[PDB]
């Protein structure tokens, strides 16, 4: 599968947009109120080497916002979390300035909890990001695959 090499998390700060998603289980994304249907809107590296993830979510008929705290681990691209019934966030690839590929999993049931996303800096559908997303995903047993158009990227959440 994929992975990031010598990842500097300080060069990841700024606004992000969720361009595409994919999950191993269909029920993890199918709908707008899905448990994993979260829209990464901002990443914030901490001085201590951790990551704060700001994501928007369709709850109760409105667009709520939530913050997940990703604590660092021994591996530079692996983080540990405790939110959305997930416990590990793996960064798959990033060029810091355009795209970022990452995944979420639960170490108990990784086949029923794996869900990957493709983040982009601008609210455009970057085709190069979709290349590396589909290239990293062709080895994963994804049963639902989403991709957003600019109109959906321009503020679904």
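Numbering follows the first chain given and starts at 1.
Between 119-127 and 33-41, the higher mean Cα B-factor belongs to 119-127. For the two regions 1-9 and 148-156, the entry's Cα B-factors average higher over 1-9. Considering 50, 94, 27, 60 together, the PDB entry gives 60 the largest C-alpha B factor. Set against one another, the Cα B-factors of 70, 55, 108, 101 in the record reach their highest point at 108.
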